[PDB]
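Cβ placement follows ideal geometry from the backbone for every residue including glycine, while neighbour counts extend to all protein chains displayed. Where a number appears in this text, it was derived from the coordinates with a stated rule and is not lab data.
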Amino acid sequence: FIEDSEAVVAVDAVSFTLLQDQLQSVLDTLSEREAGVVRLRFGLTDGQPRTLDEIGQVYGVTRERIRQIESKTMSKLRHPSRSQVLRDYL
Amino acid sequence: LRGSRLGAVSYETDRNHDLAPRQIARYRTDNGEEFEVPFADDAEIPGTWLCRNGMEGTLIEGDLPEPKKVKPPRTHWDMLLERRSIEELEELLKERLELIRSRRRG
Amino acid sequence: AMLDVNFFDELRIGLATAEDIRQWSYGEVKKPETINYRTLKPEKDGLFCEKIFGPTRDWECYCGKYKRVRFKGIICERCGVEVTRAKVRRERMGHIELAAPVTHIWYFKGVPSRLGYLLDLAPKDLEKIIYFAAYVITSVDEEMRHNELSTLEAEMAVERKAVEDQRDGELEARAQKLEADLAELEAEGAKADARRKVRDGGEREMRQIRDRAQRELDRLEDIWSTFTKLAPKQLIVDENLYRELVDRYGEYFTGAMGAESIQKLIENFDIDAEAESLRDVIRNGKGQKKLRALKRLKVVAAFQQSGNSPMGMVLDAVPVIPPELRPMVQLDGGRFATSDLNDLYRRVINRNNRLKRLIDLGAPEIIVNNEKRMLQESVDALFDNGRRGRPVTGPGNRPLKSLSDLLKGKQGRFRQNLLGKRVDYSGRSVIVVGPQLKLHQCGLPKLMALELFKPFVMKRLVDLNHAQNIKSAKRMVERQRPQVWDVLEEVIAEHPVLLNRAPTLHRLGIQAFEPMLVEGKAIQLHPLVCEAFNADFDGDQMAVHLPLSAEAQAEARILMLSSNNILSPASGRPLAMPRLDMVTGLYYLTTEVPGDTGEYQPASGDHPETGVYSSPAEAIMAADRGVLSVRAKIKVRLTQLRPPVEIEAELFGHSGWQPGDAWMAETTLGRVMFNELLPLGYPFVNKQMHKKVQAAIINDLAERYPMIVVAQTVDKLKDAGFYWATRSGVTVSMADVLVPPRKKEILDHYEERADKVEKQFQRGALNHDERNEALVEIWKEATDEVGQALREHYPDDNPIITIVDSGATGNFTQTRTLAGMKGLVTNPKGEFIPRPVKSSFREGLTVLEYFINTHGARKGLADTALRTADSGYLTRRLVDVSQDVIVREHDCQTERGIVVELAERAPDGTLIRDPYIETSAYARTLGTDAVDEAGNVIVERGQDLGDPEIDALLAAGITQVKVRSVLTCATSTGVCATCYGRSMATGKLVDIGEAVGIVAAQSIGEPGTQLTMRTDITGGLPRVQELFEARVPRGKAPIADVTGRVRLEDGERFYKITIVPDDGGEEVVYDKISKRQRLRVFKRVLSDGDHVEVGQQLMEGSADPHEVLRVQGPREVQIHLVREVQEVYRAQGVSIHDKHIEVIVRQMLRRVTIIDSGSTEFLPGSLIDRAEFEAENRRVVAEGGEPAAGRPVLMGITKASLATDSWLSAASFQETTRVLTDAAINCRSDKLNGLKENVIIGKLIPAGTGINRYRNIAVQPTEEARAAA
DNA sequence: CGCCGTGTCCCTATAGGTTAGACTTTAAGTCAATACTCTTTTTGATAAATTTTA
DNA sequence: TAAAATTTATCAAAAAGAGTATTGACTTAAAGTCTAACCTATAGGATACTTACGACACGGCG
Ligand SMILES: [Mg+2]
Ligand SMILES: [Zn+2]
Ligand SMILES: [Zn+2]
């Protein structure tokens, strides 16, 4: 009679898969620089979260430029067009 | 009632392709059995290891980096020697020596 | 394995060596630590160590260096935990390197002691050797001990001579003291006794002193005799002797104590030589020695053939079960929850650690041996708690739960969750009757179809753009937002839902219905499946399941859909037959009332007939107007109904096709309206729809027409039945329960007789029991007379008697008790109370009479509960026995077969039909042909033999047909198809995948419950049980052995019967036949000089199937068992076709017993399958010919199950410990081919849609349609 | 070979280890001034198709 | 029956932020490290006490 409060919720796992897919599509709407900065900044490609200096190094620019592209991209995604699609997962 | 073994669960695809490359290291046990221990590439490989058998096993690669022996557990001799002096046990030894050899000569 | 598939094809048990153990383990536990007290993380090298047993967190090592998937398969170089998924802790095992050997508790203490046979020692003797209480010599040479002996008897003579130097020193010293007694006694003036009291004291001193010397000399003589007779492989006590023997004879032998010495014993045990000696003994020995060799011979060859080297009994390194199977769950609040395997493992580990410590210190033998004993004790406790001593308990003195108690008894896996499993996608609810659904449809409350199909509706209302994604759909559905329902109808249509009831007594307890969303919260069930489900509406609940895969929904839609499963599996009578209310409606619809409104009278002269009606349409119009009653006799002119056979042959002869033809008929309007329900091809009926008539109609209509027509016709009958049951005016009012005017006179007439009987008892003319019997008979006569007067009093339109004589429900006795007399009421013990009750329930009983009625009814209720409980046991056993009778081949092509009685001859001479033909002859396939008076063939070989052909046979005038049966099917594993005949459920031939064994078991053990007892032959369900158990009958009765006349004699207070042979030489004498019995009556009573049969029954009663087997072969016992069981089932009026009982009986008579071994492999008294026996004889006729002599045996169902080959099912049955241990000893290999072994390991069962003839069919578009596509 | 009974299912002293607590570095983050060129927006500012008027 | 008039086309210019940086500056997050300090594992203590809490099968007997 002991519910294991750690089991796979079934709907949670499939929901996470759907979130992965939808987020991937939305990020693919971003420009190449934008998609790259987002994926690296939030570790969507290897699970390692790269920080601003690493991202500026692998793109060969200054970290201030990386942060500006970051802010611009975030604001673009906050736009309801590509936002309301992902609201429900949260 | 609701309980759960103290722990956690993850929901991520088990990608079998893009991982961190491993590096199998051999660790010979005292009896000599070999037990593979996969290690990552950029990873300081230890000379010794606790193997799958459960006894300490050293690298098949030649390292032999000092046994690092420890002080012996206090012995009965240690617990006796403090309270009593060597010369003091000497007279008792001679008493038993004469006792048993008197039995012998008899 | 580590990686698994569904191709599992052999589960092979076998003892495991420690060499296999330290290669299983992924580490080694060494510390008795469970989880840290403060941080609540597992310990290193403990019982939960992540390095040994794998991470507790998905893709995280202990110290947290690697914490993601990209690092997988690697081991972190500092905390040592291999980073991987966190369910390996379900599967990785450990081991414990013991410091000293230890032995099992299963192959030693469990009766019989397998080790005890193995090493040739008794169990109690070994229980002193492996618990450190007796030494053992492991080997010896003694060649030079021969010469050393001579030296030591010389030294023994020297020692005993020194002893005698001491002894004559005693003699001399006490002699001097005794002459001092002389010199101080005689010299002095002491009393003559006193002066010699010292004399006696000294002589007594020498007596006790020579006792001292003599006793120590016997001690030395004993030790010398022991050394001379020192010999190996024995049990020795007196450790002191052992010490003296060793330290004087330290060479010449080695001897040790405990589990290491026995390890050596097994090391120095040669199974080969011992086995040859055992063969020699069993071949040449006799009596007890031969048998003791046999049982030992069994286990020794078992080890020899397994090649398993019994070392598995001495358990070195001990394996540790994975942590997750023994969880440490933390119930919220901090209260931890162990699993009690943690505690036992901790005990063993603590004791092993302490033993290692003591060994290092070098403690005296007392402490080390005690600790080894405690290790052994705790290992034994862990592998089984409660064996070899009192249970190891804990808090609340509750016994713990050793691994065995997880795999034994009723709470082990092998008698529990491997039987039943909670399932997702399920629900239940209370049921209500829906007289609007079709037979296939069913109701389903919306609030229960939105939480069963929730994934389907989620997907669907995502696809229709009502939700942005899945999460929105889940929340919306959970909030029952307006448009979920509209989608729910779309996801429901054409998707079955199995509707099960509990108890699932028989096969129709689960059926598949197409759901139909209905409001409320009660599952609306179609009323015509109540008979199958045994579901009244007093608050029954049913469980809705949900098939998911394409195969599952196809299964429901095709196999289990209600419309297809109309007929019953047992006797083929319909179970969608309109019952109860509908039957009353149809009766009232089709009954005929003379003198009703608007009859046909041919009276003329003044006016015409005024009875004819041009069409049933005009008849209905005249019925709506108050002219025509529905039940008046009229002459209609029909054009859409087929006339009966005689009228068709009259008006049309051969080919009257109805849709156009016209014909008149004198019937009632009700019967026309009724026959409009039945299909067009069916002839006109024109009867009064008694329930049996409707049973016959639906049986014929199901035997000749497709199934969909049957379903639609049954639905139409249901509708008409309800509609005309409302109009029938069947009510109950106390003005409508008429009492018989002539009751008081009847009661006075029988009261006078009761009074007279009581007077003859009061005057002492008869004893106490006889007057009770007389009163019982008188009041039975009174009950019969009151019932008869009541029956002749009532009219026919009385609703109570209308309900009864319709066959809707209720027998006539209940009417007799409602009005008239209750009659005799039983004792709590079973006898009849002689009062008796004389008031109807309409008149209202008095106090005492109600008390007696309570006696009866309460006992009845308790008995019904227990009877249901027992029916369950019988069904379980029958299913176990007949789990492996599944139809394999289309045709065994055999020619043998039983004969059928089939309308025995009349004395005057006719063909009177045998009443029980529908259970014994129908649905069978002939092996021979029907020929008569050297005429033509009538029915050829292999025909279904339904009703029309039976009518043809009875018309042609034959009485016996030789028909096939599942008793003589010659297929190896299970029956063929043509032997099983028509499947009683389909109406067609049985398929090639059916599990007819399970259908037979269910159909036999289902109609129990309602199986009463009688007023010393057992005559109910226990009788059936003792028949199938093949017990010796409670009322054993003698059976003849050979023909001839009888030697009848009435001896002292009981009988004496003997058979006069006609060539049987020795006369069989039956002496001790009691006076309480009765002689058999047949045709007249058994008279002296009467000619008896070979196996004629002497005493009316019952006989033991073993004896009739031994006398009259297998055929006779099969017929006897079938007849005897069907006698019970006919007595209760339950229709069971004989082929089910024949399946079970065929499962009884498989094996044969070995009376002569021949020279090949077969122990006498052992029971082996017939096919194996014949194959072995076929093999051994070559390579030198010798037959093993076999005799047929009849064994009960339980014993038949006990001899199943598969250890898995065998253990799942009962006695798990014994089954598993013996299977292990013999390295048993199950093939996973039953329908019970394949329901455990989850793969596909070899029956129905699981066998490879159906599971591997290939489906492809046909080339023509594919090209058109 | 049969017949039966009964067995069994209180404290101190060392030492290590732990964390906590906080200072001087990093190393990663965020703000703001200028700056440079450039597709595109955005509002502005003149030309041309559809409707008013005598 | 033709203008005087009311709205679609095109850029001029500013700009406007994008396409894009830089640089410097300030900040903090951490974090590495030094120190502090506080559990926790570990061991050692001296009159004398001395053994607790219904059936199935095998072995004996006849
Ligand atoms: Mg009920
Ligand atoms: Zn680690
Ligand atoms: Zn057959």
Just to be sure I understand, how many residues within segment C:1177-1235 are among the β-branched types (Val, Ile, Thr) and either touching a strand residue (DSSP E or B) at 6+ places or on another chain (Cβ under 8 Å) or farther than 23 Å from C:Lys295 by Cα (or both)? 5
Residue satisfying all of: in segment B:25-81; more than 10 Å from chain C (Cβ to nearest Cβ), of a type in the set (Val, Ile, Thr) and in a loop (DSSP other than H, G, I, E, B); surrounded by the most Cβ atoms within 10 Å (Cβ to Cβ) among these: B:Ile60
Could you grab the pairs with beta carbons closer than 7 Å, sequence gap of 6+ or different chains, first residue in segment C:12-29 and more than 16 Å from C:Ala1 (Cα to Cα) and away from chain B (no Cβ under 14 Å), second one part of a helix (DSSP H, G or I) and not small (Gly, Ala, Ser)? C:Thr17/C:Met311
Taking the criterion of being more than 24 Å from C:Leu677 (Cα to Cα) and in contact with a helix residue (DSSP H, G or I) (Cβ under 6 Å, 6 or more places away or on another chain), would at least one residue in segment C:626-640 satisfy it? no
Hey, among C:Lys44, C:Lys87, C:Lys67, C:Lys72, which residue is away from ligand 1 (no atom under 16 Å from the Cβ) and under 24 Å from C:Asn353 (Cα atoms)? C:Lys44
Is at least one residue of segment C:289-304 farther than 24 Å from C:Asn397 by Cβ and within 14 Å of another protein chain (Cβ to nearest Cβ)? no
Out of segment C:1031-1057, which residues are of a type in the set (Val, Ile, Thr) and surrounded by fewer than 14 Cβ atoms within 10 Å (Cβ to Cβ)? C:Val1032
When segment C:86-110 is examined, which residues are found to be within 9 Å of another protein chain (Cβ to nearest Cβ) and part of a loop (DSSP other than H, G, I, E, B)? C:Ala86, C:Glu97
Residues in segment C:587-597: is at least one outside any loop (DSSP other than H, G, I, E, B), hydrophobic (A, V, I, L, M, F, W, C) and within 60 Å of the chain's Cα centre (by Cα)? yes
Would you say C:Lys72 is out of contact with any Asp or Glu (no Cβ under 8 Å at 6 or more places or on another chain), charged (D, E, K, R) and not in a helix (DSSP H, G or I)? no
Only one of C:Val1032, C:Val996 that is within 26 Å of C:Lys1199 (Cα to Cα) and in contact with an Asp or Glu (Cβ under 6 Å, 6 or more places away or on another chain): C:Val1032
Please verify whether segment C:633-654 includes one or more residues that are within 25 Å of C:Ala808 (Cβ to Cβ), buried (at least 17 other Cβ atoms within 10 Å of the Cβ) and over 46 Å from the mean Cα position of the chain (by Cα). yes
Looking at segment C:605-695, what helices (runs of 4 or more DSSP H) fall wholly within it and have at least 2 residues that are within 23 Å of C:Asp581 (Cα to Cα)? C:669-675
Does any residue of segment C:1214-1230 turn out to be surrounded by 20 or more Cβ atoms within 10 Å (Cβ to Cβ), among the basic types (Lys, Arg) and either in a loop (DSSP other than H, G, I, E, B) or more than 30 Å from the chain's Cα centre (by Cα) (or both)? yes
Tell me which residues, restricted to segment C:329-356, are over 16 Å from C:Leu400 (Cα atoms) and within 11 Å of chain B (Cβ to nearest Cβ). C:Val329, C:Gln330, C:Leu331, C:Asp332, C:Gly333, C:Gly334, C:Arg335, C:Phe336
Which of (1) of a type in the set (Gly, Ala, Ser); (2) away from DNA strand E (no atom under 16 Å from the Cβ); (3) outside any loop (DSSP other than H, G, I, E, B) does C:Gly116 not meet, given it meets every other one? (2)
Conditions: (1) under 25 Å from C:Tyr588 (Cβ atoms); (2) aliphatic (A, V, I, L, M); (3) in contact with a helix residue (DSSP H, G or I) (Cβ under 6 Å, 6 or more places away or on another chain). C:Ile801 meets all but one. Number of the miss? (3)
Does C:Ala535 fit the bill of being of a type in the set (A, V, I, L, M, F, W, C) and loosely packed, with under 15 Cβ neighbours inside 10 Å? no
Taking segment C:38-85 and keeping residues of a type in the set (A, V, I, L, M, F, W, C) and within 7 Å of chain B (Cβ to nearest Cβ) leaves C:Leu40, C:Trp59, C:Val69, C:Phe71, C:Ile74, C:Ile75
Say whether the condition of being outside any loop (DSSP other than H, G, I, E, B), touching a strand residue (DSSP E or B) at 6+ places or on another chain (Cβ under 9 Å) and surrounded by 12 or more Cβ atoms within 10 Å (Cβ to Cβ) is met by at least one residue in segment C:713-721. yes
If I filter segment C:883-902 down to residues being outside any strand (DSSP E or B), more than 16 Å from ligand 3 (Cβ to nearest atom) and surrounded by 19 or more Cβ atoms within 10 Å (Cβ to Cβ), which single residue comes out as farthest from the other protein chains (Cβ to nearest Cβ)? C:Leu902
Keeping to segment C:46-69, report how many residues are assigned to a loop (DSSP other than H, G, I, E, B), away from ligand 2 (no atom under 14 Å from the Cβ) and either of a type in the set (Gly, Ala, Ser) or within 47 Å of the chain's Cα centre (by Cα) (or both). 4
Within segment A:21-29, identify whether any single residue is out of contact with any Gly (no Cβ under 9 Å at 6 or more places or on another chain), within 13 Å of chain C (Cβ to nearest Cβ), surrounded by fewer than 17 Cβ atoms within 10 Å (Cβ to Cβ) and part of a loop (DSSP other than H, G, I, E, B), and answer yes or no. no
Are any of the residues in segment C:917-929 surrounded by 15 or more Cβ atoms within 10 Å (Cβ to Cβ) and in a helix (DSSP H, G or I)? yes
Under the condition of being over 15 Å from the mean Cα position of the chain (by Cα) and within 14 Å of chain C (Cβ to nearest Cβ), which residue from segment A:42-83 is surrounded by the fewest Cβ atoms within 10 Å (Cβ to Cβ)? A:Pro80
In this structure, is A:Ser5 closer than 20 Å to B:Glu12 by Cα and within 10 Å of chain C (Cβ to nearest Cβ)? yes
Considering only segment A:43-87, give the helices (runs of 4 or more DSSP H) lying wholly within it that have at least 1 residues that are within 21 Å of A:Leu19 (Cα to Cα) and more than 16 Å from ligand 2 (Cβ to nearest atom). A:63-78, A:80-87
Please work out if A:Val11 is within 14 Å of chain C (Cβ to nearest Cβ), within 30 Å of C:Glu324 (Cβ to Cβ) and away from ligand 1 (no atom under 16 Å from the Cβ). yes
If I filter segment B:7-24 down to residues being hydrophobic (A, V, I, L, M, F, W, C) and facing chain C (nearest Cβ under 9 Å), which single residue comes out as surrounded by the fewest Cβ atoms within 10 Å (Cβ to Cβ)? B:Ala8
